[PDB]
Each structure stands twice: as C-alpha cells, then as structure tokens.
Amino acid sequence: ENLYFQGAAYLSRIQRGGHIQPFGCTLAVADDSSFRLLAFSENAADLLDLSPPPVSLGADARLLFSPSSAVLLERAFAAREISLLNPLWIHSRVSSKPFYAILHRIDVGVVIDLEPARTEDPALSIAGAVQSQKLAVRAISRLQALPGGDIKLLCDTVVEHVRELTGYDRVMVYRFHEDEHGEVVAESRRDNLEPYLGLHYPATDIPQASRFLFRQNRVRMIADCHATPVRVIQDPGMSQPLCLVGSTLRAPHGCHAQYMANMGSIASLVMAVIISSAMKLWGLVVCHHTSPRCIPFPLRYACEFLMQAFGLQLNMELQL
Ligand SMILES: *[C@H](C)[C@H]1/C(=C/c2[nH]c(/C=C3N=C(/C=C4\NC(=O)C(CC)=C4C)C(C)=C\3CCC(=O)O)c(CCC(=O)O)c2C)NC(=O)[C@@H]1C
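**Focus: the state of the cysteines**
Line of reasoning, step 1. If you walk through the whole model with that rule in mind, you get zero disulfides.
Line of reasoning, step 2. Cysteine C225 shares no disulfide, and the gap to the nearest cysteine sulfur, in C255, comes to 13 Å.
Line of reasoning, step 3. Among the residues examined, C225 registers a relative accessible area of 7% and is labelled buried.
Line of reasoning, step 4. Distance from the sulfur of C287, which forms no disulfide, to the nearest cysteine sulfur (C303) is 6.8 Å.
Line of reasoning, step 5. We classify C287 as buried; its relative accessible area is 0%.

**Side note on the UniProt feature "binding site: phytochromobilin" in the protein**
Line of reasoning, step 1. The sites that carry the UniProt feature "binding site: phytochromobilin" are, in the present numbering, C255.
Line of reasoning, step 2. Along the polypeptide, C255 turns up in helix α7 (residues 254-263).

**Examining the sheet that holds strand β2 (residues 25-29)**
Line of reasoning, step 1. Pairing within the open sheet is antiparallel, and its seven strands lie in the order β1-β11-β3-β2-β6-β5-β4. Each end of this open sheet is capped by a strand with a single partner; those strands are β1 (19-20) and β4 (88-91).
Line of reasoning, step 2. Pairing geometry for β2 and strand β3 (residues 37-41), over three bridges, is antiparallel. The residue bridging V29 from the neighbouring strand is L37, located in β3.
Line of reasoning, step 3. Across the sheet, helix α3 (residues 67-78) lies against β2, β4, β5 (98-106) and β6 (109-116), angled at about 145 degrees from β4, the strand it touches most.

**A short note on helix α5 (residues 151-166)**
Line of reasoning, step 1. Helix length check: α5 (16 residues) gives 22 Å between terminal C-alpha atoms against 22 Å at 1.5 Å per residue, within 8%.
Line of reasoning, step 2. Listed as buried for α5 are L154, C155, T157, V158, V159, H161, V162, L165 and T166.
Line of reasoning, step 3. In this structure, the buried residues of α5 make contact with α4 (122-144), β7 (170-176), β8 (182-189), β12 (267-276), β13 (279-289) and α8 (297-319).

**Points about the domain arrangement of the protein**
Line of reasoning, step 1. Parsing the protein into structural domains produces domain 1 (6-116) and domain 2 (123-319).
Line of reasoning, step 2. The C-alpha centroid of domain 2 is placed 24 Å from the C-alpha centroid of domain 1.
Line of reasoning, step 3. Contacts between domain 1 and domain 2 engage 37 residues on the former and 41 residues on the latter.
Line of reasoning, step 4. Sorting the residues of the side of domain 1 that touches domain 2 by element identifies α1 (11-15), β1, β2, β3, β5 and β6 as the ones contributing at least two each.

**Quick look at the environment of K97**
Line of reasoning, step 1. Here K97 is to be found in the loop between β4 and β5.
Line of reasoning, step 2. A relative accessible area of 26% places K97 in the partly exposed class.
Line of reasoning, step 3. Through-space distance from the C-alpha of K97 to that of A70 is 14 Å; in sequence the pair is 27 residues apart.
Line of reasoning, step 4. Once you skip the residues sitting within four places of it in the chain, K97 turns out to touch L47, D49, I90, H91, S92 and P116.

**Some thoughts on the pairing of β7**
Line of reasoning, step 1. The buried fraction of β7 amounts to six of the seven residues, a majority that puts the element mostly inside the structure.
Line of reasoning, step 2. As paired strands, β7 and β8 are joined by seven bridges and run antiparallel to one another. When the bridges of β8 are listed, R175 appears paired with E183.
Line of reasoning, step 3. Connecting β7 to the antiparallel partner β8 that follows it, the hairpin turn spans five residues, and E180 within it adopts a positive phi of roughly 80 degrees.
Line of reasoning, step 4. The pairing of β7 with β13 spans six bridges and is classified as antiparallel. By the bridge assignment, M172 is partnered in β13 with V286.

**A short note on the nonpolar core**
Line of reasoning, step 1. The biggest cluster of nonpolar side chains holds 55 residues, and the ones touching the most others in it are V162, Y168, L242, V285, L306, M307 and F310.
Line of reasoning, step 2. Top element by residues in this core is α8. It accounts for nine residues.
Line of reasoning, step 3. Per-domain counts for this core show at least three residues from each of domain 1 (6-116) and domain 2 (123-319).
Line of reasoning, step 4. Ignoring anything within four residues of it in the chain, the contact list for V285 reads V158, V162, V171, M172, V173, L269, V270, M271, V273, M307 and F310.
Line of reasoning, step 5. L27, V29, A45 and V55 belong to the second-largest nonpolar core, a separate cluster that totals 27 residues.

**Things to note about the pattern of salt bridges**
Line of reasoning, step 1. Scanning the model with the defined rule gives 14 salt bridges in all.
Line of reasoning, step 2. Two residues, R175 and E183, come together in a salt bridge whose shortest N-O distance is 3.5 Å.
Line of reasoning, step 3. Given the relative accessible area of 21%, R175 is considered partly exposed.
Line of reasoning, step 4. Between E187 and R189 there is a salt bridge whose closest N-O contact spans 4.0 Å.
Line of reasoning, step 5. We classify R189 as partly exposed; its relative accessible area is 30%.
Line of reasoning, step 6. What you see here is one network of salt bridges that share partners, running through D60, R62 and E74.

Calculation notes
- Positions along each chain are numbered from 1 by the written sequence. They may not match the entry numbering, and residues without coordinates are not shown.
- Side-chain figures throughout are based on the complete set of non-hydrogen atoms in the structure, without hydrogens or water.
- Residues with missing side-chain atoms are left out of burial classes, side-chain pairs and their counts.
- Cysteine sulfur atoms that pair up within 2.5 Å are treated as a disulfide.
- For every residue, the accessible area obtained with a 1.4 Å probe (protein chains only) is divided by the maximum for its type, and the residue is called buried under 20%, exposed over 50%, and partly exposed between those limits.
- UniProt positions are given in the numbering used here, feature names are shortened, and annotations may be inferred rather than shown by experiment.
- Secondary structure elements follow DSSP: runs of H or I no shorter than four residues count as helices, runs of E no shorter than two count as strands, and numbering proceeds from the N terminus.
- In short, DSSP must find at least two bridges between two strands for them to pair.
- Only heavy atoms matter for contacts: two residues are in contact if any of them lie within 4.5 Å across the pair.
- All axes here are fitted lines through C-alpha atoms, helices being fitted over the stretch that makes contact, and every angle between N-to-C directions spans 0 to 180 degrees.
- Multiplying 1.5 Å by the helix residue count minus one yields the expected span of that helix.
- An automatic or database domain assignment is the source of the domain bounds shown.
- Put simply, a nonpolar core is a bunch of buried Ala, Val, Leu, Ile, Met, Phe, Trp, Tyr and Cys residues held in one set by side-chain atoms that sit within 4.5 Å of each other.
- One side-chain nitrogen of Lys or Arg within 4 Å of one carboxyl oxygen of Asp or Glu is enough to make a salt bridge.

And the structure:
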C-alpha cells in the first residue's frame, strides 16, 4: 500500500540473480535419476578440490562426492520429501573434505547447496547438531514459561536465547509498523557496540519483494557483505537464470550488500517472525556480526523452529 509505487521492484534480481556467496558452492542436478549437472557455481571445482573436468555441464554430480556420499544423494533424491534429510553430511571424492549439503527442488531439477563443515570429526559434528536442537527446545520451553500479556518480555527473551544459540555480536527484533517502516523493539548486543534499540527505519529499506520472500524462505544468512559474488554456469538450454530464491547461498542484492557495509554489519542472519492474519510478516529477528560469520545449517534449522515457536506464542498474545 505505502510501497505500491514500487510494483515488484527487485523481485526478478532477488529470485534469479545469477550469484551465490563464495563461502559455499551450488550445483543444479537433473531430477530424473541421471544426476546430470545442469548448473554449477564457478567456485565449485575450487571448493571441492577438483581442478572432461568432473565439474562440467552434463557430468554425473555423484562423481564429485565419495561413493558412500553418492548413495546418500541417491536416497535423498528418491525420497518422498527431500527436506526431511537436510542437511546431508557428505565428502568430496578426491580430498574427502566434509560438507553439509542442503537440497531443494526447483522447476529444472534439484539444487544442492554445499557449505564446508568446519569440523571433520563426525562426533563433534553430531555434538554441534544435538546441542543446537536441544538449545532450541530449551529456548522454546523458557518462552512457554513466560508470564502472559508482555510482548516486550517475549521479544527481550527471544533476543537473549538467539544470541546465546547463534553467537552473533548483535541480535534485534525489528517490528513492522502499519505504514511498513520498522522499529528495533528488542536488542541483545556486545557491550562495546552502539545500541540500535528504539531506532526507526524507512519502509523502503526492506522492499515488499524481500518481505514476501521471508514467507517461504524464513531464514537468510549472509557470511560477508564484502565478499565478491560467484556466478553460476548453466546449461545453454535453460532460458532464464537459475531460481536461487531457495538456496542458502543466494548472494545479497548489491543495494543490500552496500547497506550492510555502510552499517558495519559484515555478516547477518535474518529470520522471519510469522503470525496469522493466512500468515503475516510481523517482523524479523536480525543478527549482525562485525566480522564474517557462517554458522552451520543445524544451528540455523534450530533457529527456524525457535522462530516458529516465537511466532505462535506472539500470535497468541496478540489475539489475546
Ligand atoms: C536498494 C536501492 C534499497 C534496498 C534494497 C533491499 N533491501 C533488502 C533487504 C533487507 N534490508 C534490511 C534492512 C535492515 N537491516 C538492518 O539491520 C536494519 C536495522 C535494524 C534494517 C532496516 C534487511 C533486514 C533486509 C533483509 C536482508 C536479508 O535477507 O538478510 C533487499 C533484499 C536483499 C536480498 O538479496 O534478499 C533489497 C533489494 N535497501 C536500501 O536501503 C535501499 C533503499
């Protein structure tokens, strides 16, 4: 309504921008049991230690990974619901470098985001997975244990639990006003950082396109706003840029990358606060770091279900 004069501003370059963040790599793979590579980020061979090259259009994507990894991929692709197995713990074929693989389906096939695992030891990997999930359930029960009719205390508790879970320098709750401008209504930050609590920002800083995408893609991580985006090489038969809207590694729009650089938020993690209207974006939990940061997928998943629990409790206290 207030941003009506923008139309669908930015939506095409956010959905199909052609670039990923360099901390990981992306593969698009045929969804017909051939595992043919349809597209790959130009850094894939480098990140997989693999410089007919194994990373080339039409090659078998399974041959990038260890033989036991290929079996997990075959299972995940054939599963009734691909999201249930995310993330896969898989190894590159030649170097045995471990990755979390996050799979999703698009128009043309399956996208695989590969995020390097910053531990080889499987047991410490499991210990990280486990601790996060149990931290989210603990956070959720602590939100359940909260005296009702106090949205401010709910927001102040959320920011403390998310800051302990994620380790970001600054964690905020950003609430959208009626006129679509926002306000920082709760903050937990490193004590040598200037507070943003109580600050108001124009509606135009978060365009309708971005607000809309947060309904389907509820958690977005940016590892380094200064990182050079990586282009996607695609099969010449694809008539438009790959859909990256569901990718964990989608590069920020250059206007946002510059916004983050000007704010000194080198890294961010942004999560949707969704309530019933059938669903409304009430606000965001916005995490900033003053250095690069890329937390493992299991911690981001644990945040996502904490945020579902926050939305439901918030939606109860609002209808009440
Ligand atoms: C470019 C001309 C204009 C513009 C575009 C733009 N913004 C976003 C998305 C976001 N903008 C913010 C804003 C804030 N972050 C903060 O820390 C604060 C203070 C609390 C504000 C107001 C946020 C949170 C997002 C979401 C980003 C994310 O997903 O992590 C986009 C979408 C970017 C994309 O790639 O998805 C775009 C295009 N921003 C401007 O300021 C210009 C007017």
